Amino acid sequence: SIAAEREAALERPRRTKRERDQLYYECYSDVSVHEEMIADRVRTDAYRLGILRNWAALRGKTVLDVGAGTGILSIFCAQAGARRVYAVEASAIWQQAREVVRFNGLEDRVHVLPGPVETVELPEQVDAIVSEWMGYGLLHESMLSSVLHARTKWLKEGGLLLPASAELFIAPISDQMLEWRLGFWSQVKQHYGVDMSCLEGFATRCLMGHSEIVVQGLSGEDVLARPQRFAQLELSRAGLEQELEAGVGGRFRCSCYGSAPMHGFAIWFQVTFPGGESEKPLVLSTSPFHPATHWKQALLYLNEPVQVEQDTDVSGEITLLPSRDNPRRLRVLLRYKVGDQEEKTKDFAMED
């Protein structure tokens, strides 16, 4: 009755969250998002090889695949020699995953289970967990909590986690697409005979003055200083679920290579698969120096461009967290200082 009233107090927020989660899972009910993920060969091959590389530890064992999607990774586990895979999926796509499993003659080895991993009922604890949970800037979507919840509740003592860790990186960058778009108004006179160079200011406010994280792929030569690691996440680390709510990040400092128009920062990530005593640990990287992936990079624009020079000092602080309104939307708090300019603040939220 006091107990009853306490439940009645949490009923409203618990329902809002259920409704929110349901909108998020729907983001994965359509073909395109899976098409994109499986066409991403770097992503998909890193998982396949990461799994394969651990066939010795997986032979005859059991696996939980958190967010099975179309079932692909679960099937990788089955092919690696796993006795049993529980393919858990909260989005309507679990139906396609079930179809793929049956079509591949694997319905005895892979069990597709609908609904959230947080409330799924497995018949036993598992020897390994596999999950592709990473969002833009690693933490967009906030799926990691789900994976950690599954670990604490269902992974056997000393069990395997694929992947096992993640690292976050930041570098000052120059966006060539952005530069072209800002410069476009100065080109109008030469194409059509009307001087529109006075709109550069306006173009800059629209395209750089907003507070959204932008997903764009850059290449090596857009990076204006040595990339700095700013966070390391060891997935097995006790109560890391709390660290997430409070923010993950760190401070950074670096020195620019040379003359360049600086537009802001790129952040990206990598995840590491533990290796068997075969081949060693396999890194899946989303770096602009490395083969492109569907995550690209997450771009954080300064309000306007800043010219940097060789040995220009760039430092600051970055923290990744949930947005106030949408816990599944990535927020980035950026503190930064370029050259002799004063320290500045920008508070970004993931592009819809």
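When you see a residue number, it is the position in the sequence shown, counting from 1.
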211 to 219 versus 269 to 277 - greater average Cα B-factor per the deposited record:
269 to 277
Stretch with the higher entry mean CA B-factor, where the candidates are 304 to 312 and 34 to 42
304 to 312
I'd like to know which of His140, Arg229, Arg181, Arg109 has the highest C-alpha temperature factor in the PDB entry.
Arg109
Based on the PDB entry, the highest CA temperature factor among the options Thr293, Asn54, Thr319, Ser29 is that of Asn54
Taking the entry's C-alpha B-factors for this chain, is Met196 in the lowest, middle or highest third?
middle
Sorting the chain's CA B-factors, does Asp127 end up in the lowest, middle or highest third?
middle
So, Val332's CA B-factor, relative to its chain, sits in which third? The lowest
Within this chain's modelled residues, let me know which third the CA B factor of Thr204 belongs to: lowest, middle or highest.
lowest
Consider only the C-alpha atoms of the modelled residues in this chain, order them by B-factor as the entry records it, and name the third containing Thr62: lowest, middle or highest.
middle
